[PDB]
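Comments concern the structure below.
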Amino acid sequence: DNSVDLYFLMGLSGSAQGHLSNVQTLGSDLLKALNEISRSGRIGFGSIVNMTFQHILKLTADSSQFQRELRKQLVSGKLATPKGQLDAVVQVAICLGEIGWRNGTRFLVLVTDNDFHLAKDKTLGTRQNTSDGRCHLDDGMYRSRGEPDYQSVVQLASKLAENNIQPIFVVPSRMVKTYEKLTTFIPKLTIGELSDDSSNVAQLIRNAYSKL
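Going by mature numbering (1 follows the signal peptide of the UniProt record, and there is no 0), the sequence shown opens with residue 102, and the numbers climb by one from there.
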């Protein structure tokens, strides 16, 4: 019965079209299943692809509002198959005042269809500066994506533990076996297999719920 904060990050890539339904149902059925097990299940929503991270909805108790704001979404496009989602995972962890993180438990559900850009991959786009690990959210866009780079794997492990968020790498079966080694490099994280069903993903959210 304790307070929980779930933050739903998902991918808006052209490759996420067709998977869009799977990442719409996996959000609405996450929300309403957790509202049954918890009286205080604050849900927030963020969009990412590589144009940048867009924070859409602060952690709220209005169930019917997140469901319309998630189902409203539509994808865009990019040349490269690896995406920029870990910078959203960075900013979402740090941006306490924008995301709305309170004193319960904090669950960053990351949804993708593809690989991602790690640190030093950025330099072909002439982005020399390293990520500083602080907040850079203004009008809801991550304005610093144009200047500093994709964070290092240990820079996640630090600020996820300091801010006390547990991320869950919800990803498609072909690509699951990659992120489970980023789950060995970043301890205490998990991994879900996104599909037409949510039962895999909800059993990890609800496995972590009974530990509390």
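The beta-carbon is built from N, C-alpha and C at its ideal position, and this holds for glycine as well.
Cβ shell of residue i (< 7 Å), same chain only, five flanking positions each side left out
i	result
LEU305	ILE269, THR291, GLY293
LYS133	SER164
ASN215	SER114, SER116, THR182, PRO183, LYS184, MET276
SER148	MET111, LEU113, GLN155, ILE157, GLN174
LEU171	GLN125, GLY128, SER129, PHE146
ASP297	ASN123
Element boundaries [alpha helix (DSSP H), containing residue i]
i	result
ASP130	123 to 138
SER164	164 to 172
Buried or exposed (CB count within 10 angstroms, at least 16 for buried), residue i
i	result
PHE286	exposed
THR213	buried
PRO288	exposed
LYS278	exposed
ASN265	exposed
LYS184	buried
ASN151	buried
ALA162	exposed
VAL255	exposed
Close Cβ partners of residue i (< 8 Å) along its chain, the five nearest in sequence each way excluded
i	result
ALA258	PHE286, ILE287, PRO288
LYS221	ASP250
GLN118	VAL176
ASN204	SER104
Enclosing beta strand (DSSP E) for residue i [first to last residue]
i	result
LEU107	105 to 112
residue 62	Here the chain comprises residues numbered 102 to 313, so residue 62 is not present and cannot be evaluated.
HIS156	154 to 161
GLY145	142 to 149
Assumed close pair residue i, residue j - CB separation to whole angstroms, cut-off 8 Å
i	j	result
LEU295	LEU127	6 Å
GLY241	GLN155	6 Å
Proximal residues to residue i (C-beta, below 6 Å), its chain only, five neighbours per side dropped
i	result
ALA194	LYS260, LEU261, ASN264, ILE266
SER299	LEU127, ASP130
Review point. Taking the runs of the alpha helix (DSSP H) that are 4 residues or longer, which of them lie wholly in the segment 177 to 216?
Key: 186 to 195, 197 to 200
Exercise for review: Tell me the start and end of each unbroken alpha helix (DSSP H) in the segment 228 to 295 that is at least 4 residues and wholly inside, in chain order.
Suggested key: 254 to 264, 274 to 286
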